[PDB]
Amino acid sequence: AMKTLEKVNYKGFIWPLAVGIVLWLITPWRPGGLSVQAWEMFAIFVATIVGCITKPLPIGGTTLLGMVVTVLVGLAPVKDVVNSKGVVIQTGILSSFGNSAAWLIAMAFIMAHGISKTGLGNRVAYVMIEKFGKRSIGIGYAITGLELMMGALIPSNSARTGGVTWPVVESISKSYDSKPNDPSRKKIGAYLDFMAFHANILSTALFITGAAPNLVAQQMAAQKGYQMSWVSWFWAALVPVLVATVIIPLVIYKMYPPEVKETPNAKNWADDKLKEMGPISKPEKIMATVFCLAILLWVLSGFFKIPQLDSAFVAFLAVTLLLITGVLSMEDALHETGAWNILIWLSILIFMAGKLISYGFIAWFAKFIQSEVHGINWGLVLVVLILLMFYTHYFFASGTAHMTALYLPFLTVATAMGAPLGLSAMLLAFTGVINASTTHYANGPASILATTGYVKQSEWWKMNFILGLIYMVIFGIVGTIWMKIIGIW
């Protein structure tokens, strides 16, 4: 019954494969000490990322093409190759899909559809349109304050983004007639999408329990003899985080203003639509009960490290509660396509970047940086190390892997050339937080919010580059002078 082919953007293929081909041919001229497979994997990964920007096919199609090409040129098995002694000496593409980040985000997508089905989403949206809808930046500051308060309680940033702030932004933009993948997207949806992302960055920076890279940094710094202690982290971050809480939202507002900037009659419009919506119903009350069990289990996860409190498992059990309760048919959860899309593409990207790690590319880079800096005072060693830890996150889809790979090497560099370990440790952990202001695979929240269709990826990458400059300036300078005002060095 199909007559013509789907319109495919073939020009989108010109840039990635050309880039890949060119870097393929530069394999004889690799830096030395590397590996031919390491350089080939770098080539395929960069080609795939450029494909995620030039968009031949949606990102799922581009990452599927990348994964298929990866297997085709012999850089990754399909099944895990097992040691002899049980170890997996090289992992295949099918294990890509047993990833915690992807599964947490996908199940969070399913519960967000639950929220919007009940009608709870629009109830929360109208409550917040009444209390801050007068002036859009009021709503923006509302959700940044909400994220900042959640930072100290919900120890995983992806749970905060996919469970709370993204449902809020979606609801609010639906009540404003702002739908994704549409010109309509720019009435308020895109500004609040980007603001949610950077609020998540700020909340991760404020608390040592904002994201797992923070705790990796804490363990690695403790290995070298420096104890971060929540209050230590909090007091070191308080003033730079506040300077950022004022600078970043306003630079976003000037750079990415939200079309509709004032709703002078927001209070009465919101009250009317809450009155017509009627009192809360039993599907919405059930949904709220499951939502607060998800929040409470995520918070207890912070104190009890057990499987039953795993952030992905909390989402799984929340959705199975949603199924047994009757809020959600399983045909409702099945054709909620964002979950399976993110499962495909984010798992493939995490796998390819992990291969970048496992072939010795990041290790070679750490060794290169260890050998290249020698005749310099420790202040400039610190500036250069902050810059390198920042910009190497273009080659990471995790954050925990980034810290595991480069935090202890860079920290040993800094202390080996005279810099004080507490200051350097704090600076590098902060850079590990502000790394998120880069790619769409930087962390979980970046993967959610760069893909919802409200913010194009041109704008995402460019504005994140600008904000990364501002974040580094803020944290570097303000945090260094604040951290000796408090006595850390």
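Residue numbers run from 1 along the displayed sequence.
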Q. Do the CA atoms of 42 to 50 or those of 28 to 36 have the higher mean B-factor in the entry?
A. 28 to 36
Q: Going by the average Cα B-factor in the PDB entry, point out whether 345 to 353 or 321 to 329 comes out higher.
A: 321 to 329
Q.
Looking at 79, 393, 131, 160, which one carries the largest C-alpha B-factor according to the PDB entry?
A. 131
**Q.** Candidate set 308, 156, 377, 404 [ranked by C-alpha B-factor, highest]
**A.** 377
Q: Check where residue 283 lands among this chain's C-alpha B-factors and tell me if it's the lowest, middle or highest third.
A: highest
Q: Would you mind checking where the Cα B-factor of residue 232 ranks among the modelled residues of its chain, as the lowest, middle or highest third?
A: lowest
Q: Using the B-factors in the PDB entry, rank residue 465's C-alpha atom against the chain and give the third, lowest, middle or highest.
A: lowest
Q: State the tercile, meaning the lowest, middle or highest third, of residue 98 with respect to the CA B-factors recorded for its chain.
A: lowest
Q) What third of its chain's C-alpha B-factors does residue 74 belong to: lowest, middle or highest? A) lowest
